[PDB]
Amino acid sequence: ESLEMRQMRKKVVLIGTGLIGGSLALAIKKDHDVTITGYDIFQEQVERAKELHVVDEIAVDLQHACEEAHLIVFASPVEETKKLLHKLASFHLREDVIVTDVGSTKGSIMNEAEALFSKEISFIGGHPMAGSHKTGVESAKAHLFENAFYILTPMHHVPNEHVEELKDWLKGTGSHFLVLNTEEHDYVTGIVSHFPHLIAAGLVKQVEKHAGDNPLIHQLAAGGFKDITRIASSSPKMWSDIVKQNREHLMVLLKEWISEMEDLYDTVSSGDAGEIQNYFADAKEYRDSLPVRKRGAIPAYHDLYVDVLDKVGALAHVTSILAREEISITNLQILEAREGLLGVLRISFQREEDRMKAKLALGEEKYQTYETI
């Protein structure tokens, strides 16, 4: 009754069948013929996942499904993930299995996995930099992580071939994979993600302190301030765990920050407009530079600068030209470079051939283009 090919295809287990996990399942299915068996704490999400062909089967027996699996994917909250990794370490898994997770911090998970498997099993921590942690499987899409950074943190022993193999499993995501060591990941994300969270909340809180003394503050904090502070509305539970899990990195950062504010306090209070202006100019120069896609980093960036006018259809025209030439654009931005209605449009391409081609096509249409600034 069942087809020999269906019986015999590879098998995946997904633990946590929500937005993130469901999306990963769709990206897997897109490029691999597999039986995905799914598991959730909430039985409605797995059943819906099944209905939506996000998973193939609902897991009766967790152990049976795991022991026959070529790939096991955790998309659960990090407490639950620890508890289930323990269970997994009790099981008799296949020799060739790959196990992976999703989480914003890596230190504690990886510390647990070295402690339970050592060198038996190929556990590779993961962090896809896209989407949301609580939202449903109805929203899951194969392209959710497309062109997003997806960090992989392999155990110390895992061969490079297994890391490449996992990249192949997730090929369908279209993510830019970076392989980092665990400390590297928590350090970087600490500076670049977690610490801003703290500062965002702080800003909001500072403003609320004063809002009782004039109600106008609540009115004037609409629009820009509210937009700036967006991340402060994220889950307090999730973020308190992140902060607890990356505590030491953040303590150090806060100490440097206090120090920076003390120097800023000296600059502001000295009242030297030249020094103040310098402080702002340094920040502007750097902030204007982002993305600063470096030469030997992943992925490569080949930029072209175009003189375009601030009018309806300017971008439509430029992008239609490029599309007609069958050139794919990796990024674009408007940089406001001087006065007047002109702006500079920066277009990024995947490789040098494509930039060259775009330069010619735009030139034949009487666009002025540049290589720098």
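The first residue of the sequence shown is number 1, and the count goes up from there.
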| item | value |
| --- | --- |
| Which of 309 to 317 and 332 to 340 has higher mean CA B factor, as the PDB entry lists it | 332 to 340 |
| Between the two ranges 157 to 165 and 170 to 178, the one averaging a larger CA B factor in the entry | 157 to 165 |
| Among 124, 222, 71, 115 - the residue whose C-alpha B-factor is largest in the record | 115 |
| Peak C-alpha temperature factor (PDB record), options 347, 26, 62, 34 | 62 |
| Chain-wide C-alpha B factor ranking for residue 272, given as lowest, middle or highest third | highest |
| Record-listed C-alpha B factor of residue 198: chain third | lowest |
| Chain third (lowest, middle, highest) by recorded CA B-factor, residue given as residue 209 | middle |
| Residue 141, C-alpha B-factor rank within chain (lowest, middle or highest third) | lowest |
| Cα B factor band for residue 91 (lowest, middle or highest third within the chain) | highest |
